[PDB]
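Novice:
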Amino acid sequence: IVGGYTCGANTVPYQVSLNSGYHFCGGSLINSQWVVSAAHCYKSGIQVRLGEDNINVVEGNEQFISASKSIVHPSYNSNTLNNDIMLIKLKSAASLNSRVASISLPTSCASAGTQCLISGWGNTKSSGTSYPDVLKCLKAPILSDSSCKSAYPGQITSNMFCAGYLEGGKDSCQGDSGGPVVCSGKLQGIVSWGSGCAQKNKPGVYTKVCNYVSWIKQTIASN
Ligand SMILES: N=C(N)c1ccc(CNC(=O)[C@@H]2CCCN2C(=O)CNC2CCCC2)cc1
Ligand SMILES: [Ca+2]
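Under the entry's author numbering, the letters of the sequence shown match residues 16 to 34, 37 to 67, 69 to 125, 127 to 130, 132 to 184, 184A, 185 to 188, 188A, 189 to 204, 209 to 217, 219 to 221, 221A, 222 to 245, in that order.
(1) If you measure between the beta carbons of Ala111 and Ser49, is that distance less than 9 Å?
(2) With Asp194 and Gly43 assumed to form a contact (beta carbons below 8 Å), what rounded beta-carbon distance in angstroms separates them?
(3) In three-state DSSP terms, what is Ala56?
(4) What is the DSSP secondary structure of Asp102, reduced to helix, strand or coil?
(5) Buried or exposed, going by whether 16 or more other CB atoms sit within 10 Å of the CB of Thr149?
(6) Flag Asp102 as yes when its Cβ comes closer than 8 Å to any non-hydrogen atom of ligand 2, and as no otherwise.
(7) Can you have a look at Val213 and say buried or exposed, based on whether 16 or more other CB atoms are within 10 angstroms of its CB?
(8) From this set, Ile63, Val75, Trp141, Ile73, which residue's C-alpha is nearest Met104's C-alpha?
(9) With a threshold of 6 Å on Cβ separation, who are the neighbours of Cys191 within its own chain once the five nearest residues in sequence on each side are excluded?
(10) Which residues mark the beginning and the end of the beta strand (DSSP E) in which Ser190 is found?
Following this line, the structure appears as structure tokens:
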């Protein structure tokens, strides 16, 4: 997160860290046994880290649980990043508490101008690299369909939206991938892609979760 702020410990209790001996992606807890993340975050050997603030110190409240299943959308395309969504089943259920909590799926899609909360342990620099120890936060609005397509012509599918700031300076970045965009208490986005980070006229692009609620339920119910 570039241009954001320190969230404060466990203020984003649905935020998880995907760990393979290092933080590599975020995700969102949607019930005691399932996480939503990005298909481009897929790999073998994922450990889901719940309850985290400082990812480099065991502070208390952490739950580390291996993934038992990682289910990438069968229509994911790694070139266009269409259908950039993955479900992870935990090997054991998480113990839910004030520090480890699920986030609701949407009942409907959000509209342009909706303010959302984006969070993660990704890069904090728009030029070069700096990676934080504690969780960072950014409030960002959803942009219009047309502004999104005018920024990234021929690259925005019906399964994507843009959010952020065209003037630059405030954005998600590498290492925030797979993490949440939460609007009015609902998970509406997944951190997916963009050109650079926090660059003028290049907002962030997010997977449109409302298009996947039925797929998520249907897939969890059969797994
Ligand atoms: N500016 C952001 N909001 C942002 C940008 C990138 C990420 C992480 N995702 C990525 O790095 C993904 C994975 C595959 C390549 N990719 C892309 O973002 C590549 N950038 C595209 C290429 C042409 C137009 C812009 C996360 C956030
Ligand atoms: Ca920790």
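Using N, Cα and C, we set each Cβ at its ideal position, and we do this for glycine too.
Specialist: Working from what's here:
(1) In the sequence shown, the residue the question calls residue 111 occupies position 93. In the sequence shown, the residue the question calls residue 49 occupies position 32. Contact check for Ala111 against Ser49 passes: the beta carbons are separated by less than 9 Å.
(2) Here residue 194 corresponds to residue number 176 of the sequence shown, with the count starting at 1. Here residue 43 corresponds to residue number 26 of the sequence shown, with the count starting at 1. Their Cβ separation, rounded to whole angstroms, is 6 Å, which keeps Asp194 and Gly43 in contact under 8 Å.
(3) Reading the sequence shown from its first residue, position 39 is the one you call residue 56. Helix at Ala56.
(4) Numbered from its first residue, the sequence shown carries residue 102 at position 84. The three-state secondary structure of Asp102, taken from DSSP, is coil.
(5) Here residue 149 refers to the residue found at position 129 of the sequence shown. Exposure of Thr149 is indicated by the presence of fewer than 16 other C-beta atoms within 10 angstroms of its C-beta.
(6) If you number the sequence shown from 1, residue 102 lands on position 84. No.
(7) By one-based count along the sequence shown, residue 213 stands at place 191. In this structure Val213 is buried. Its beta-carbon is surrounded by 16 or more other beta-carbon atoms within 10 angstroms.
(8) Your numbering for residue 104 matches position 86 in the sequence shown. For the residues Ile63, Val75, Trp141, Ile73, the minimum Cα distance to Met104 belongs to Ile63.
(9) Position 173 of the sequence shown, counted from the first residue, corresponds to residue 191. For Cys191, where only same-chain residues beyond five positions count, the Cβ hits under 6 Å are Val17, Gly142, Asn143, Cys220.
(10) Along the sequence shown, one-based indexing puts residue 190 at 172. Segment: none, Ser190 is in no beta strand (DSSP E) and carries neither H nor E.
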